[PDB]
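Novice: Supplied structure: final_6.cif, mmCIF, C-alpha atoms.
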data_input
loop_
_atom_site.label_atom_id
_atom_site.label_comp_id
_atom_site.auth_asym_id
_atom_site.auth_seq_id
_atom_site.Cartn_x
_atom_site.Cartn_y
_atom_site.Cartn_z
CA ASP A 1 155.30 67.68 94.66
CA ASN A 2 153.15 67.04 91.57
CA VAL A 3 155.86 66.97 88.91
CA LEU A 4 158.74 64.63 88.14
CA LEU A 5 161.04 66.04 85.47
CA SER A 6 163.14 63.80 83.26
CA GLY A 7 166.35 62.80 84.96
CA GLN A 8 164.73 63.10 88.39
CA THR A 9 163.92 60.37 90.87
CA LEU A 10 161.14 59.57 93.32
CA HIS A 11 162.64 57.27 95.96
CA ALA A 12 161.02 54.49 97.95
CA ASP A 13 157.91 55.54 99.87
CA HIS A 14 157.82 59.02 98.37
CA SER A 15 154.93 60.29 96.28
CA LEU A 16 153.62 62.85 93.86
CA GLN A 17 150.42 64.49 95.06
CA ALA A 18 147.71 66.59 93.44
CA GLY A 19 144.29 67.31 94.89
CA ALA A 20 142.80 64.10 96.27
CA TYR A 21 145.37 62.02 94.41
CA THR A 22 148.67 60.48 95.33
CA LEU A 23 151.10 58.42 93.25
CA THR A 24 153.49 56.48 95.44
CA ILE A 25 156.41 54.29 94.51
CA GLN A 26 156.48 51.79 97.37
CA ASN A 27 159.66 50.28 98.78
CA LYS A 28 158.43 46.86 97.69
CA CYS A 29 158.20 48.06 94.08
CA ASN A 30 154.49 48.54 93.48
CA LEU A 31 153.67 51.95 91.96
CA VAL A 32 150.24 52.83 93.34
CA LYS A 33 147.75 55.59 92.57
CA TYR A 34 145.39 56.60 95.37
CA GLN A 35 142.33 58.82 95.58
CA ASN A 36 141.81 59.90 99.18
CA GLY A 37 143.81 56.86 100.25
CA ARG A 38 141.80 54.44 98.10
CA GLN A 39 143.92 52.40 95.71
CA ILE A 40 142.57 53.09 92.23
CA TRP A 41 145.44 51.74 90.12
CA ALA A 42 148.77 49.98 90.61
CA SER A 43 151.60 48.72 88.43
CA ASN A 44 150.90 45.41 90.19
CA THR A 45 154.56 44.85 90.97
CA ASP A 46 154.41 44.51 94.77
CA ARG A 47 157.27 42.43 96.23
CA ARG A 48 158.93 42.11 92.82
CA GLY A 49 161.94 43.82 94.39
CA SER A 50 163.03 46.03 97.27
CA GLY A 51 164.31 49.58 97.74
CA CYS A 52 162.59 50.57 94.51
CA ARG A 53 162.60 54.01 92.91
CA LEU A 54 160.78 55.72 90.04
CA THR A 55 162.52 57.78 87.39
CA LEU A 56 161.65 59.55 84.13
CA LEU A 57 164.24 59.02 81.41
CA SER A 58 165.51 61.61 78.91
CA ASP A 59 163.29 60.07 76.23
CA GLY A 60 160.15 60.29 78.35
CA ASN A 61 160.05 56.63 79.35
CA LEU A 62 158.85 56.12 82.93
CA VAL A 63 160.59 53.31 84.78
CA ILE A 64 160.64 51.60 88.18
CA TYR A 65 164.11 50.33 89.15
CA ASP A 66 164.75 48.15 92.17
CA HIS A 67 167.87 48.60 94.31
CA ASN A 68 169.86 46.35 91.94
CA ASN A 69 168.73 48.46 88.97
CA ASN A 70 166.46 45.88 87.41
CA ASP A 71 163.69 47.45 85.32
CA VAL A 72 160.61 46.27 87.23
CA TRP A 73 157.95 48.14 85.26
CA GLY A 74 157.82 50.92 82.71
CA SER A 75 155.45 52.95 80.60
CA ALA A 76 157.55 51.51 77.77
CA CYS A 77 156.80 54.55 75.67
CA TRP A 78 159.46 56.94 74.40
CA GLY A 79 159.92 59.96 72.20
CA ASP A 80 162.97 61.85 70.97
CA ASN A 81 165.65 62.43 73.57
CA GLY A 82 165.24 65.75 75.35
CA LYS A 83 163.38 66.93 78.43
CA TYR A 84 160.00 65.68 79.61
CA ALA A 85 157.66 66.22 82.52
CA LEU A 86 155.44 63.76 84.38
CA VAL A 87 152.51 65.62 85.94
CA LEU A 88 150.13 64.12 88.48
CA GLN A 89 146.99 66.11 87.72
CA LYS A 90 144.16 67.06 90.04
CA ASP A 91 141.87 64.95 87.88
CA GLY A 92 143.81 61.85 88.86
CA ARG A 93 145.72 61.25 85.66
CA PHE A 94 149.50 61.22 85.64
CA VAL A 95 150.59 62.34 82.20
CA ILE A 96 154.02 62.55 80.60
CA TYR A 97 154.42 65.66 78.44
CA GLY A 98 157.31 66.34 76.11
CA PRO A 99 159.71 67.11 74.73
CA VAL A 100 160.19 70.84 75.33
CA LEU A 101 158.09 72.97 72.98
CA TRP A 102 159.11 76.38 74.27
CA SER A 103 161.18 78.33 76.76
CA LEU A 104 163.11 81.61 76.48
CA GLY A 105 166.18 81.97 74.27
CA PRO A 106 167.21 82.22 70.57
CA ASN A 107 166.07 78.97 68.96
CA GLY A 108 163.75 78.35 71.89
CA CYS A 109 160.80 77.16 69.81
CA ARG A 110 160.68 73.56 68.57
CA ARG A 111 160.07 73.10 64.83
CA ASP B 1 150.23 75.68 91.78
CA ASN B 2 153.31 75.27 89.59
CA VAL B 3 151.59 73.89 86.50
CA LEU B 4 149.26 75.37 83.88
CA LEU B 5 147.76 72.74 81.56
CA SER B 6 146.34 73.39 78.10
CA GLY B 7 142.84 74.77 78.38
CA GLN B 8 143.57 76.27 81.79
CA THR B 9 143.86 79.94 82.65
CA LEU B 10 145.75 81.86 85.30
CA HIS B 11 143.58 84.88 86.09
CA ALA B 12 144.55 88.45 86.93
CA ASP B 13 146.80 88.83 89.96
CA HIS B 14 147.15 85.06 90.34
CA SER B 15 150.42 83.22 89.92
CA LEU B 16 152.35 79.98 89.70
CA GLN B 17 154.87 79.21 92.43
CA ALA B 18 157.83 76.86 92.62
CA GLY B 19 160.47 77.02 95.31
CA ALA B 20 161.77 80.57 95.55
CA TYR B 21 160.09 81.53 92.27
CA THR B 22 156.76 83.19 91.56
CA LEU B 23 155.21 83.91 88.15
CA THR B 24 152.36 86.40 88.22
CA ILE B 25 150.10 87.63 85.45
CA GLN B 26 149.21 91.12 86.66
CA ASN B 27 145.84 92.71 86.04
CA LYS B 28 147.54 95.32 83.82
CA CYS B 29 148.98 92.64 81.56
CA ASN B 30 152.63 92.42 82.61
CA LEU B 31 153.75 88.82 83.23
CA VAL B 32 156.24 89.09 86.08
CA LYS B 33 158.68 86.55 87.50
CA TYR B 34 160.07 86.91 91.02
CA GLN B 35 162.88 85.25 92.94
CA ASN B 36 162.18 85.51 96.66
CA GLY B 37 159.69 88.31 96.09
CA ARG B 38 162.05 90.31 93.88
CA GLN B 39 161.32 90.86 90.19
CA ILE B 40 163.95 89.30 87.93
CA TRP B 41 161.95 89.06 84.69
CA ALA B 42 158.86 90.47 82.99
CA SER B 43 157.12 90.15 79.63
CA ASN B 44 157.35 93.96 79.62
CA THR B 45 153.72 94.44 78.65
CA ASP B 46 152.53 96.45 81.63
CA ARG B 47 149.49 98.62 80.89
CA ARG B 48 148.96 97.06 77.46
CA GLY B 49 145.49 96.35 78.85
CA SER B 50 143.40 95.44 81.90
CA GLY B 51 141.82 92.35 83.44
CA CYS B 52 144.54 90.30 81.79
CA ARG B 53 144.90 86.53 82.04
CA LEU B 54 147.43 83.93 80.93
CA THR B 55 146.28 80.80 79.18
CA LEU B 56 147.91 77.81 77.51
CA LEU B 57 146.27 76.73 74.25
CA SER B 58 145.67 73.19 73.00
CA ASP B 59 148.56 73.71 70.57
CA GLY B 60 150.99 74.74 73.31
CA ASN B 61 150.92 78.45 72.57
CA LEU B 62 151.08 80.54 75.75
CA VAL B 63 149.08 83.72 75.53
CA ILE B 64 148.30 86.80 77.59
CA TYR B 65 144.79 88.05 76.78
CA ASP B 66 143.23 91.26 78.07
CA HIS B 67 139.57 91.40 79.15
CA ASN B 68 138.62 92.17 75.55
CA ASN B 69 140.41 89.00 74.44
CA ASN B 70 143.20 90.81 72.58
CA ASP B 71 146.47 88.89 72.31
CA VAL B 72 148.90 91.12 74.19
CA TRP B 73 151.87 88.81 74.37
CA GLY B 74 152.66 85.17 73.86
CA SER B 75 155.31 82.54 73.40
CA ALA B 76 154.19 82.67 69.75
CA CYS B 77 155.23 79.05 69.44
CA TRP B 78 153.00 76.07 68.79
CA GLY B 79 152.89 72.44 67.82
CA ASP B 80 150.19 69.98 66.87
CA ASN B 81 146.85 70.29 68.61
CA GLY B 82 146.85 68.07 71.65
CA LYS B 83 147.75 68.68 75.26
CA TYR B 84 150.65 70.62 76.77
CA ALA B 85 151.87 71.58 80.21
CA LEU B 86 153.52 74.80 81.36
CA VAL B 87 155.72 74.14 84.36
CA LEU B 88 157.29 76.80 86.57
CA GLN B 89 160.35 74.86 87.71
CA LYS B 90 162.20 75.14 91.02
CA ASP B 91 165.23 76.44 89.14
CA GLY B 92 163.11 79.39 88.03
CA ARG B 93 162.60 78.43 84.39
CA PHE B 94 159.03 78.18 83.12
CA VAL B 95 158.90 75.60 80.37
CA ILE B 96 156.15 74.35 78.09
CA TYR B 97 156.29 70.58 77.58
CA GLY B 98 154.24 68.72 75.01
CA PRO B 99 152.34 67.27 73.44
CA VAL B 100 151.34 64.24 75.51
CA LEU B 101 153.73 61.34 75.18
CA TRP B 102 152.05 58.87 77.51
CA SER B 103 149.21 58.26 79.93
CA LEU B 104 147.47 55.14 81.23
CA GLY B 105 144.92 53.72 78.80
CA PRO B 106 144.65 51.65 75.57
CA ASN B 107 145.79 54.52 73.32
CA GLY B 108 148.11 56.07 75.87
CA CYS B 109 151.40 56.07 73.94
CA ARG B 110 152.02 58.78 71.36
CA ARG B 111 152.80 56.95 68.11
#
Translate this structure into structure tokens?

Specialist:
Amino acid sequence: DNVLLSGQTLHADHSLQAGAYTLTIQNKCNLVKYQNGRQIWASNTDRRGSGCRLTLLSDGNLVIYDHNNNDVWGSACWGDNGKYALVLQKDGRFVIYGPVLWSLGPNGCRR
Amino acid sequence: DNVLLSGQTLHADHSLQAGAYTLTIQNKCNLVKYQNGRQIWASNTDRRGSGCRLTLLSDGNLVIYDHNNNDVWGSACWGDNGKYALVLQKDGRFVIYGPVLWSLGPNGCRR
């Protein structure tokens, strides 16, 4: 899995993976990015909670919630409400794209 | 792969895959979608050319180009120049999300 769509959840100890990269939301709440197992970046929120999960909101904001729903860390960046996609890319970057520009259907093109 | 980023190209006979869905740009220019190996959708541009490829532009426009670089078919929908992502979703819908909302970095949040 290399994509997390808005509204979806990555639960404790699960990861996104692309090429040599992995993005894991750890049970103890640290969101960590690895390159061949080497920690290259982290939200630096280890042990700030337990049973943590990662979710992408309808406005594109990326947030880590602990089991009691406290907002542990977030990209703290939002756009208009709609549908977004977090992509862990083979180049190591995890980018949030959105909202929807196009898909099939009548008024399927934004603006 | 289930994602096609701006600047990337899916070449003739190659496809995106997600769950039970496959999206193939055929050499003869027809973009075909399959559900468990069975065609359920097509751009309906078969034989409009040869050596065709599918690419996503920096403005989010999705285009099928033949080997002579003629625009055979496209989403004919675009936004500001930036970065977009075409995602073939597990539910079978292929959606173009963009532009970038957020990424790690000093100027990572759109607006």

Novice: Fewer than 3 positions away in the same chain doesn't count, so skip those; otherwise give me all residues within 7 Å of region 55-68 of chain A, counting all atoms listed in the file, as a ChimeraX atom specification.

Specialist: /A:5-10,29,49-52,71-84,96

Novice: Expanded to explicit residues, what is the PyMOL selection byres ((chain A) within 6 of (chain B)) for this file, as a PyMOL selection string?

Specialist: chain A and resi 77+95-103+109

Novice: Compute the post-superposition RMSD of the C-alpha atoms of chain A relative to chain B, with atoms paired in order and the fit done by least squares.

Specialist: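 Once chain A is fitted onto chain B, the C-alpha RMSD works out to 0.5 Å.
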
Novice: Tell me, in Å to one decimal, how far CA of residue 90 (chain B) is from CA of residue 19 (chain B).

Specialist: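 Result for CA of residue 90 (chain B) versus CA of residue 19 (chain B): 5.0 Å, one decimal.
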
Novice: Here is a test: counting all atoms listed in the file, which residue of B:48, B:53, B:106, B:15 is nearest to residue 33 (chain B)?

Specialist: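 Going through B:48, B:53, B:106, B:15 one by one, the smallest distance to residue 33 (chain B) is for B:15.
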
Novice: CA of residue 24 (chain A) and CA of residue 22 (chain B) are how many Å apart?

Specialist: 27.2 Å

Novice: What's the separation between CA of residue 32 (chain A) and CA of residue 17 (chain B), in Å to one decimal place?

Specialist: 26.8 Å

Novice: Restricting the calculation to all atoms listed in the file: of B:69, B:27, B:107, B:54, which residue gets closest to residue 4 (chain B)?

Specialist: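 Residue with the minimum atom-to-atom distance to residue 4 (chain B): B:54.
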
Novice: Which of these residues is nearest to residue 91 (chain B), using all atoms listed in the file: B:25, B:20, B:42, B:31?

Specialist: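 Of B:25, B:20, B:42, B:31, the one nearest residue 91 (chain B) is B:20, counting all atoms listed in the file.
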
Novice: Have a look at A:43, A:26, A:70, A:36 and name the one nearest to residue 11 (chain A); count all atoms listed in the file.

Specialist: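 Looking at the shortest contact to residue 11 (chain A), the residue is A:26.
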
Novice: Kindly provide, as JSON, the centre and edge lengths (Å, one decimal) of an axis-aligned box around all atoms of region 6-14 of chain A given in the file, with 5 Å on each side.

Specialist:
{"center_x": 162.1, "center_y": 59.1, "center_z": 91.6, "size_x": 18.5, "size_y": 19.3, "size_z": 26.6}
